[PDB]
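Asker: My sequence and its experimental structure, below.
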Amino acid sequence: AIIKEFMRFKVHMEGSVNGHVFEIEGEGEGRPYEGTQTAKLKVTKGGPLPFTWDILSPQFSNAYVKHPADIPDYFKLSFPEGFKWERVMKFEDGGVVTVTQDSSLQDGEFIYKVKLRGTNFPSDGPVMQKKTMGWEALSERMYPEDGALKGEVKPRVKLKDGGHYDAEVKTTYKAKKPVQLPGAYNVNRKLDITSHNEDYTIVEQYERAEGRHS
């Protein structure tokens, strides 16, 4: 029931994007105080997916963010009971993805349950045509509001032909018990797909995340 320097996680996602219904199960591990983690994800139902993995990769763990020593770490403080979050991603071409997540600590491992729904992606857009190639480094502003912690970021996906494709992401994180809220601060993240099979039904990803004072 404590957060060790090394921690595994298990994740299950139930998803529908533009009507395509799938599930993913994944196993992760990482170093929660150092801000580093890796996940291996398998599409267990509905593979192969007719859209880019890049809309899914940000949905697979804030207990693994390196926080400065003088900032309350809302995520870590929420355990063992854990926390929930709700996220909306609005992409520039009208696609919307809504995500809700439950995080808990059972038997020495984090357990994540994720529900995702994506709609209104243009059929010939970058998402449904797999035209994207991963996220640029991003800075999530975290700020306290109404007894919850809010995060916001306007991350950019690289396109295969040179462009970028923009999104606005808003997330509300809520501990399951009352915990101390920090003052506003930033989390800097770099999320990479490090390997995948031909049709992206088995995918490994890596993330490094670190909090900084504003």
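Answerer: Alright, I've got the coordinates. Numbers count the residues shown, from 1 in each chain.
Asker: Show me the strands in this structure, by range?
Answerer: With DSSP state E as the criterion, the chain has strands at 7-17, 20-31, 36-45, 83-91, 96-106, 109-119, 132-135, 138-145, 148-153, 156-159, 164-175, 185-196, 202-212.
Asker: Can you add distance to residue 52 and mean neighbour count and give the ones you listed back as TSV?
Answerer: Where you see a C-beta, it was placed from the backbone N, CA and C, and this is true even at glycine. Formatted as TSV, these follow (distance: least, Cβ to Cβ, whole Å; neighbours: other Cβ atoms under 10 Å):
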stretch	distance to residue 52	mean neighbour count
strand 7-17	9	19
strand 20-31	12	18
strand 36-45	13	18
strand 83-91	11	19
strand 96-106	11	18
strand 109-119	11	18
strand 132-135	5	17
strand 138-145	17	16
strand 148-153	18	18
strand 156-159	8	16
strand 164-175	10	17
strand 185-196	10	16
strand 202-212	11	18
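Asker: need these in CSV with distance to residue 125, can you?
Answerer: Shown next, in CSV, are those (distance: least, Cβ to Cβ, whole Å):
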stretch, distance to residue 125
strand 7-17, 12
strand 20-31, 14
strand 36-45, 21
strand 83-91, 8
strand 96-106, 12
strand 109-119, 11
strand 132-135, 10
strand 138-145, 21
strand 148-153, 21
strand 156-159, 11
strand 164-175, 8
strand 185-196, 20
strand 202-212, 21
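Asker: Residue 71 is in contact with residue 213, correct?
Answerer: Yes. Counting by Cβ atoms under 8 Å, residue 213 touches residue 71, with 7.2 Å between them.
Asker: ok, residue 188 touching residue 142?
Answerer: No. Under the criterion of Cβ under 8 Å, residue 188 is not in contact with residue 142, lying 11.1 Å apart.
Asker: returning to that earlier point: need the residues touching each of residue 213 and residue 71.
Answerer: Contact criterion Cβ atoms under 8 Å, 6 or more residues apart in numbering; residues shared by residue 213 and residue 71: residue 185.
Asker: Looking at these two, which is more packed in?
Answerer: A direct count of neighbours by other Cβ atoms under 10 Å for residue 213 and residue 71 places residue 71 higher, at 14 against 10.
Asker: picking that back up, overlap in contacts, residue 188 and residue 142.
Answerer: Common contacts of residue 188 and residue 142 (Cβ under 8 Å, 6+ apart): residue 211.
Asker: residues in contact with residue 178?
Answerer: Residues in contact with residue 178 (Cβ under 8 Å, 6+ apart) are residue 147.
Asker: Quick check: the gap between it and residue 147.
Answerer: Relative to residue 147, residue 178 is positioned 8 Å away (criterion: Cβ to Cβ, to the nearest Å).
Asker: my guess is residue 84 contacts residue 102, does it?
Answerer: Yes. Taking Cβ under 8 Å as the definition, residue 84 is a contact partner of residue 102 at 5.3 Å.
Asker: out of everything not next to it in sequence, what's closest to residue 122?
Answerer: Nearest non-adjacent residue to residue 122, counting by Cβ to Cβ, 6 or more residues apart in numbering: residue 93, 5.5 Å away.
Asker: so what's residue 210 up against?
Answerer: By Cβ under 8 Å, 6+ apart, the residues touching residue 210 are 35, 65-66, 187-188.
Asker: same question, residue 159
Answerer: Neighbours of residue 159 in contact, by Cβ under 8 Å, 6+ apart: 126, 131-133, 165.
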